[PDB]
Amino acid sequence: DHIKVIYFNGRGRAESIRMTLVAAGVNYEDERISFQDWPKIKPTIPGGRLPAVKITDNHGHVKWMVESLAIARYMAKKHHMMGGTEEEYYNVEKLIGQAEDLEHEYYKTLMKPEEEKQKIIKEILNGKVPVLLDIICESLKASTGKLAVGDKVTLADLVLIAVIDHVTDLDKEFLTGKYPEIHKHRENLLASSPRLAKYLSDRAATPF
């Protein structure tokens, strides 16, 4: 099967899909669309939004997938990364929901003409961001393993590390000297996943 991930030049919503595939060891073609070329590409995409995933068979079948975390979860479910039990399933999802809350705090800073961007960053770094980082810390503390849930990689590991990269985009020292469970989590994750470690070292710094 040929797997094509279609997104813009960045981490953004596609990141959970790429990391899932990378961690799973699944090869894919990583297609980035420029903002200039997007007007002509948009009509060729079912739903006209990105990220979109196009999966092609060696027998001519073509499957289109949209909705990033639905794709990530389906892929994660395929490669045993959503929990081995109901309880682990719950905990994966708990950490994902918490990580997404924080992502939505990060979203508030986008499409902002600066100045009010800065005024928002302050609002959130002084408000909900620390609250959420702490809740995430507690979610990690309650694990029986080195990682988010047990000792094996799950989608929760991947979604977490992408969201932290967004926090550090707003304030690079925000986690320095604090939240030891999150630093340690990243450390354990990269140790557990040489593929994800190499992938992370080959990005390709992007503004989002």
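Numbers follow the displayed sequence, beginning with 1.
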item	value
194 to 202 versus 12 to 20 - greater average Cα B-factor per the deposited record	194 to 202
130 to 138 or 106 to 114, whichever carries the higher mean Cα B-factor	106 to 114
Peak C-alpha temperature factor (PDB record), options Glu67, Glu181, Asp165, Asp37	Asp37
Ranked against its chain, the third holding the CA B-factor of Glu123	highest
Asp157 by Cα B-factor - lowest, middle or highest third of the modelled chain	lowest
Chain-relative CA temperature factor third for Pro43	highest
Within-chain third of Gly177 by Cα B-factor, per the entry	lowest
